[PDB]
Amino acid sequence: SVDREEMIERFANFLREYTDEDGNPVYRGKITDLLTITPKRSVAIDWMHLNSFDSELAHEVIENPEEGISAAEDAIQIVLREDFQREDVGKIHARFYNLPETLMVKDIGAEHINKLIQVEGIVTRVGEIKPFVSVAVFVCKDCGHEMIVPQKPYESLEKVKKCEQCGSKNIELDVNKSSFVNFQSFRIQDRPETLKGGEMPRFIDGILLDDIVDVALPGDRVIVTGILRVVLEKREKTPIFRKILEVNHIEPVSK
């Protein structure tokens, strides 16, 4: 594998040095679009650009999308600070698109768990848009100590009943110090055009966070990139799992 520390360096270097056919550093341009009047909160990164620049790294985001995306996001922060003199910008997402192989909902299985995959499909359902705690801060009601606990949208809420410093059992979730972002579920199934003869469309539930929330409604067909995540079924006692697609990138397709 590729070191975390090192992976960032190669991502920084990719952003600032990759050029298209005419020599324009495209990622410089994109990183610039984070600074305008009505800015963007994320950088869409074309996998093919990355693969042509550093294919070893390109493969490591599909194999380890977690440390990969995190590395890229740190890198974006670096070039902002070093090259644009901007430190006080928020979380900026790294959103990879246009992956080598694009598979169908029916093709998704155990061999994808924790790996970035591209999926074509059609949106069947969309949730209402609720707040998610991306980072919860628990404050000790007694000694006043603060504890930072990042959360995961597909997992359950990780509380902490005991104070890490004084050890009192009087703790609460501090909504002001905590970090919320918009959250939205959606369902996506295989497109009935690519199927049948008497076949059954399979589906997959997925989640959308922050800036990519609300991009789609029922009927829209889409290409989405994401991580395939598993979580045990309701009862929490069967060795069988429920699969959710933590979306990293969406875009419509003109039918």
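In case it trips you up, residue 1 is the first one in the sequence shown, and so on.
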Stretch with the higher entry mean CA B-factor, where the candidates are 157-165 and 115-123: 157-165
Taking the mean of the C-alpha B-factors per stretch from the entry, tell me the winner out of 182-190 and 205-213. 182-190
Residue of maximum C-alpha B factor among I92, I108, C143, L80, per deposited coordinates: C143
In this PDB entry, which of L50, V224, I37, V43 has the top CA B-factor? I37
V230 - which third its CA temperature factor falls in, relative to the rest of the chain: lowest
Please place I76 in the lowest, middle or highest third of its chain according to the CA B-factor in the PDB entry. lowest
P218 CA temperature factor, ranked by third within the chain: middle
Tertile call for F138 (CA temperature factor, within chain, third-based) is the highest
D22 by Cα B-factor - lowest, middle or highest third of the modelled chain: highest
